[PDB]
């Protein structure tokens, strides 16, 4: 482990892992410190949906950043593979955001003004996905909201960053950041390092660093538990989605099913009531899933923030320090764009003022 780097990334999740990749692409000698194993926390609990549309509320800049990030996923799997040997496992089936009420229809039809987003009548859906619940008023088919396996998207980025110089240190918790002197100074139980730039990408745990650097930005964990089953009997190509819950078909024959939302809960293991809730919900969307064999059950801590938006930007009082945390429900989707934006702020290139202002560290 060297003693000085031009840039150091604190966090081995998909965010920090992506940032490390883009920096090493800029040939910027950089290192990354992960308290545990790469993509070992929230990142490996994610479904992997590139849900720019499905998670759309309004038409602000957040949505544009997301759409931008979604474009970035084009070919990215090939890029990282040729450098890692790790397949991100992309599935282009698309998504069916289901409607079970008139209110659901009103909400889904607000995307009529967008491409690759078309409305399907109940019969049109059941013709493509015969086993989707028959209680549907129809669904919105989002062709681009496809999916990938987050754990491998992360491992791909990391393995690729290494083959580009990046030095990755696991089981190396960063304990403190000293912005004193003329260069930044980080301390770990394995040693202390110097850098010209420090990027906080510790997910929901990032608060500690903000505080350390005088900032007050807080994070709230939003626990989500899921399960998977083996779908050996019915066909299911498109991802079924409804009210923040989903059933995504993996290329392995497994269906990733989930999401409870438990604010303030820091535990990372599923509770009985949580899984029961997911099982109950999934049956209303895919009745046949009740006969499928259960596989695994897990949980993750979504990095929540006061306004639901992430913090992606320079420290107000010190541009040498940056932050990329609080991607709540879209960390996987927004990785490519978050990485590029941080790498572009370090390389001091020109960046979209709207996005940069949208995610600024000092918000009302």
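Residue numbers count along the first chain shown, from 1.
Engineer: Looking only at CA atoms, which has the higher mean B factor in the entry: 183 to 191 or 69 to 77?
Structural biologist: Taking the mean C-alpha B-factor of 183 to 191 and of 69 to 77, the larger value falls to 183 to 191.
Engineer: Select between 215 to 223 and 94 to 102 the stretch whose C-alpha atoms have the higher average B-factor in the entry.
Structural biologist: Looking at the record's C-alpha B-factors, the answer is 215 to 223.
Engineer: From 329, 59, 309, 41, pick the one with the largest CA B-factor in the entry?
Structural biologist: When the deposited C-alpha B-factors of 329, 59, 309, 41 are compared, 59 is largest.
Engineer: Per the entry's Cα B factor values, which of 245, 148, 82, 294 stands out as the maximum?
Structural biologist: So the option with the highest C-alpha B-factor is 82.
Engineer: Against its chain's modelled residues, does residue 128's Cα B factor rank lowest, middle or highest third?
Structural biologist: Its C-alpha B-factor belongs to the middle third of this chain's values.
Engineer: Within this chain, which third does the Cα B-factor at residue 122 fall in: lowest, middle or highest?
Structural biologist: Within its chain, residue 122 is a middle-third residue by C-alpha B-factor, going by the deposited values.
Engineer: Sorting the chain's modelled residues by C-alpha B-factor, tell me whether residue 165 ends up in the lowest, middle or highest third.
Structural biologist: Top third by C-alpha B-factor.
Engineer: Pull the Cα B-factor of residue 252 out of the PDB entry and bin it into the chain's lowest, middle or highest third.
Structural biologist: Lowest third.
Engineer: Place residue 112 in the lowest, middle or highest third of its chain's C-alpha B-factors, as listed in the PDB entry.
Structural biologist: Residue 112: CA B-factor falls in the highest third of its chain.
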